[PDB]
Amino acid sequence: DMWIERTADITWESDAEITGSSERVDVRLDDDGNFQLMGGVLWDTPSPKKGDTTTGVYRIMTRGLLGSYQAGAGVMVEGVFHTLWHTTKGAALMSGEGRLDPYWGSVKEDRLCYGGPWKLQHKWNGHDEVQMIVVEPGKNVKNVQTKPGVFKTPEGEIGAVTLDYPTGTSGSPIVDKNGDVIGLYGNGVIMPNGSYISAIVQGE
């Protein structure tokens, strides 16, 4: 029922609009993957697609008997598709002529990958501006540039971006100036003034 469509290259854009703000907010993370203001599962082996694993940025689409809608987005790097867990909850994804089955995910970290282990090892350097590759439903892909702030958790810190986009943009990748994916958009908190702030969702 769900499929992926390639829609952009993974790149830094020199003309991106600069927006957002660099906040600092105290949060805790629950075992369902929700942040509040203040583990990993290896999936079944296919066992016996061939989906398309071309590098790039992708929309996650779904449909029933009528038109389609955009459930989310993600990134294909080194033959593995990466998204937030909550976009698909582990559902299989068609990719071109074949199927991609989940490999590994964590509800609490809100991360899921298909085709192999997580390939994205780069992280925000804690200093520089970053770019979100915005995969908004119904719209062409564009990049926006921002300086992250920080979620302060009881154990540590996580980079966080004050950028609000509509439902279905979750899983859009965030890149550093080299064009390396430093994490994904779409799991955060709402502030008392209504501002939405997402973690830069990434492994170690």
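From 1 onward, residues are counted along the sequence shown.
Gap between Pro48 and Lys49: 1 to 3 deposited residues without coordinates. The modelled chain breaks between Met38 and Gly39, where 10 or more residues of the deposited sequence lack coordinates.
Taking the mean C-alpha B-factor of each stretch as recorded, 123-131 and 96-104 are not equal, and the higher mean is that of 96-104. The mean C-alpha temperature factor is higher for 1-9 when 195-203 and 1-9 are set side by side.
As recorded in the PDB entry, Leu65 shows the highest C-alpha B-factor of the residues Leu65, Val150, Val141, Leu163. In the deposited coordinates, the residue among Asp176, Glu157, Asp30, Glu136 with the greatest CA B-factor is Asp30. Per-chain ranking of the deposited C-alpha B factor places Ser22 in the middle third. Ranked by C-alpha B-factor against the other modelled residues of its chain, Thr53 falls in the highest third.
Ranked against the other modelled residues of its chain, the C-alpha B-factor of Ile190 as given in the entry falls in the middle third.
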